[PDB]
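Below, each chain spelled out in residue letters.
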Amino acid sequence: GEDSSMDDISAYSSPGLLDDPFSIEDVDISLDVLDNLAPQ
Amino acid sequence: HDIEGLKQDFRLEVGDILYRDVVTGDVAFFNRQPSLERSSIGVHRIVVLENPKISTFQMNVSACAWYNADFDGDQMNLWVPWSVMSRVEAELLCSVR
Amino acid sequence: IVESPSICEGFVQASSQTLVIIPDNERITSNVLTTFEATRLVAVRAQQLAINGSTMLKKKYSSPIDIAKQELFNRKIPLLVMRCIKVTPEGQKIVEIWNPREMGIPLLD
Amino acid sequence: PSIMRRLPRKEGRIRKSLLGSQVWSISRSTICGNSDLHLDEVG
Ligand SMILES: [Mg+2]
């Protein structure tokens, strides 16, 4: 009960935690020219 | 053949293909992303800026309505047709008029 | 009973077609070239001039594109427009052949 | 690495290689104003 050699690694983090509305996935625009989307 | 590697030819032979520099009056496809409208790609007549200090694509402010563009840092693509078939099609179909 | 596949089916090669030209008095499509058709005619003629260079145009021009445009405008272009109307299941390919030297040209110069 | 993972997403085979294309003979630069150019002209 005191052993820590086989503790879950994912339990050291904070425990616990379809389309992204903000991701430009269907927009085919170059990543070097994204300033065209600036609100201006 | 490169043009520096040949200098003994007095002229060109009929049938050769010469790749020449882009001059004033050539048509060019001019595009701003995202291309949401049909006017997002238009064909413009090229004016070559002889000042070596200029690196920008310059256009009239009244042409910005085609591309939804402005001059706050937008970048636009430009390719010049070289083949005859695409260079005919640029003039007759894709001209911004 | 539905037995093993036979050679009568399994053909990948589509059978050849017969080009059926609609008689000139029964043509339904417009007698005016579309902008697409005129552009295609000029482009094809200009490329072929870049290949051959033989034209019957009286005036002299320094570009294949100018020669092709003037051939279209002066009704001297050696090309035809074939408008494919239908492909019949019995093999026929019904098309309309249009002579661009006697059609209306939409382009301007 | 798998054969069928090459297809699906925006960076996949269909959307990146077939529906779009890297091309030669093209240029890009910042755009600028010029009131001496006609509407159908580009500097
Ligand atoms: Mg901007």
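Per the conventions used, each chain is numbered from 1 along its written sequence, independently of whether this matches the entry, and residues without coordinates are not displayed. As they are written, the chains are lettered A onward and the ligands numbered 1 onward, keeping that order. Any value reported refers to the chains on display, which are one part of a larger assembly. Values reported for side chains reflect all heavy atoms of the structure, with hydrogen atoms and water molecules removed beforehand.

Structure determination for this entry is recorded as cryo-EM, at 2.68 Å resolution.

**Student:** Break down the overall build of chain D for me, citing the residues and quoting the values.
**Tutor:** Secondary structure counts use DSSP, requiring at least four H or I residues in a row for a helix and at least two E residues in a row for a strand, with both numbered from the N terminus. Counting its secondary structure elements, chain D contains 1 helix and 2 strands. Secondary structure of chain D in N-to-C order comes out as α-β-β. Overall, chain D is about 55 × 15 × 15 Å in size when its C-alpha atoms are taken along their principal axes. Only protein chains enter the accessibility calculation, which uses a 1.4 Å probe; a residue is then buried when its area is under 20% of its type maximum, exposed when over 50%, and partly exposed in between. Taking all 43 residues of chain D together, 21% fall into the buried category. Accessibility throughout is a Shrake-Rupley quantity obtained with a 1.4 Å probe, and a residue counts as covered only by protein chains that appear here. Summed over all atoms, the accessible surface of chain D reaches about 3,400 Å², with 56% contributed by carbon and sulfur. Charge convention: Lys and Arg are scored as positive, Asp and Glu as negative, and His as well as the terminal groups of each chain are ignored. Working definition for charges: the position is that of NZ of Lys, CZ of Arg, CG of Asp or CD of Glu. Between the centroid of the 8 positive side chains of chain D and the centroid of its 4 negative side chains there is a distance of 29 Å.

**Student:** Lay out the interface of chain D and chain A in plain terms, naming residues and giving numbers.
**Tutor:** Facing 5 residues of chain D, the contacting portion of chain A comprises 7 residues. A quick way to say it: buried area is the sum, across both parts, of accessible area lost when two parts are put together, with a 1.4 Å probe. Summed over both sides, the interface between chain D and chain A buries roughly 460 Å², with carbon and sulfur atoms accounting for 35% of that surface. Contact with chain A buries surface across chain D, with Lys10(D), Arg15(D) and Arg28(D) losing the most and accounting together for 92% of the total. Salt bridge, as applied in this entry: a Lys or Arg side-chain nitrogen positioned within 4 Å of an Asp or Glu carboxyl oxygen. The interface formed by chain D and chain A includes 2 salt bridges. Two N or O atoms count as a polar contact when they lie within 3.5 Å, although within protein this holds only if one can serve as hydrogen donor and the other as acceptor, and sequence-adjacent residues are included solely when both atoms are side-chain atoms. Viewed at the interface, chain A and chain D are joined by 2 residue pairs in polar contact. Contacts are assigned to residue pairs that have any heavy atoms within 4.5 Å of one another.

**Student:** Give a detailed account of the nonpolar core, specifying residues and quantitative values.
**Tutor:** Residues belong to a common nonpolar core when they are buried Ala, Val, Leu, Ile, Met, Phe, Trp, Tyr or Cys residues joined through side-chain atoms within 4.5 Å. In terms of nonpolar packing, the biggest core is built from 22 residues, with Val88(B), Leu33(C), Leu41(C), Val42(C), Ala46(C), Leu72(C) and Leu107(C) touching the most fellow members. When residues of this core are traced back to their parent elements, those giving at least two are helix 2 (84-92) of chain B together with helix 1 (35-51) and helix 2 (64-73) of chain C. Setting aside anything within four residues of it in sequence, one finds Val42(C) in contact with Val88(B), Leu92(B), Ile65(C), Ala68(C), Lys69(C), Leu72(C) and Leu107(C). Counting residues in each nonpolar core, the second largest holds 14 residues, with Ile46(B), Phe57(B), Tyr67(B) and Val96(B) among its members.

**Student:** An account of the layout of surface pockets is needed here, citing residue identities and associated values.
**Tutor:** Estimated volume of the second largest pocket: approximately 1,200 Å³. Of all the secondary-structure elements, those providing two or more residues to the lining of the second largest pocket are strand 4 (75-79) of chain B together with helix 1 (13-18) and strand 1 (27-33) of chain D. Under the scheme applied here, ten amino acids are nonpolar (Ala, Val, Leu, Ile, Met, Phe, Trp, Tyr, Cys and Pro), four are charged (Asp, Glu, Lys and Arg), and all others, including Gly, are polar. For the lining of the second largest pocket, a count of residues per class yields 16 nonpolar, 12 polar and 6 charged. Here the term cavity refers to a set of points on a 1 Å grid, laid over the protein atoms alone, in which a 1.4 Å probe fits but cannot get out; the term pocket refers to an open set having protein on both sides within 12 Å along at least five of seven lines, with lining residues being those that place an atom within 4 Å of a point. Grid points are joined across faces, edges and corners, and a volume is the space filled by probe spheres set on the points.

**Student:** Got a sec to walk through the interface of chain B and chain D? Specific residues and values, please.
**Tutor:** Taken together, the contact between chain B and chain D spans 28 residues of the former and 18 residues of the latter. Roughly 2,400 Å² of surface becomes buried between chain B and chain D when both sides are summed, with 54% attributable to carbon and sulfur atoms. Taken as a group, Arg45(B), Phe57(B) and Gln58(B) account for 27% of the area that chain B buries against chain D, more than any other trio of residues on that side. Our count for the chain B to chain D interface comes out at 2 salt bridges. Between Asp40(D) and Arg45(B) there is a salt bridge; the shortest N-O distance is 2.7 Å. Run the count over chain B and chain D and you get 16 residue pairs in polar contact. Mapped by element, the contributors of at least two residues to the side of chain B that touches chain D are strand 2 (41-46), strand 3 (57-59) and strand 4 of chain B. Per-element accounting of the side of chain B that touches chain D gives the leading share, 5 residues, to strand 4 of chain B. DSSP calls a pair of strands paired once it identifies at least 2 bridges connecting them. Two strands pair when backbone bridges link them, and strand 2 of chain B and strand 2 (residues 41-42) of chain D are joined in this way by 2 bridges, in the parallel orientation. Bridge pairing in strand 2 of chain D places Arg45(B) opposite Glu41(D).

**Student:** Explain the sheet that holds strand 3 (residues 92-98) of chain C residue by residue, including any values.
**Tutor:** All names here are of chain C. Taken together, 3 strands build an open sheet; the order of strands is 1-3-2 and the sheet is mixed. Looking at the sheet topology across the chains shown, the edges are occupied by strand 1 (18-21) and strand 2 (81-87). Sheet twist, expressed as the mean angle between neighbouring strand axes with direction ignored, is 35°. Alignment of strand 2 against strand 3, held across 6 bridges, turns out to be antiparallel. By the bridge assignment for strand 3, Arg83 is matched with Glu96. To get an axis, fit a line to the C-alpha atoms, keeping to the stretch in contact for a helix; angles then go from 0 to 180 degrees between the N-to-C directions.

**Student:** Which residues make up the coordination of the magnesium ion, and what values go with them?
**Tutor:** Coordination of the magnesium ion by the protein is provided by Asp72(B) (OD), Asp72(B) (OD) and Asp74(B) (OD), with metal-donor distances spanning 1.9 to 2.6 Å. Overall, the relative accessible area of 1% leaves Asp74(B) in the buried class. Because no water is among the atoms considered, metal sites can look incomplete, with donors defined as N, O and S atoms within 2.8 Å of the metal, or 3.2 Å for Na, K and Ca.

**Student:** I'd like a description of unusual backbone geometry, backed by residues and values.
**Tutor:** In this structure, the amide linkage connecting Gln33(B) to the following residue, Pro34(B), adopts the cis form with an omega of 0°. Here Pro34(B) shows up in the loop between strand 1 (27-32) and strand 2.

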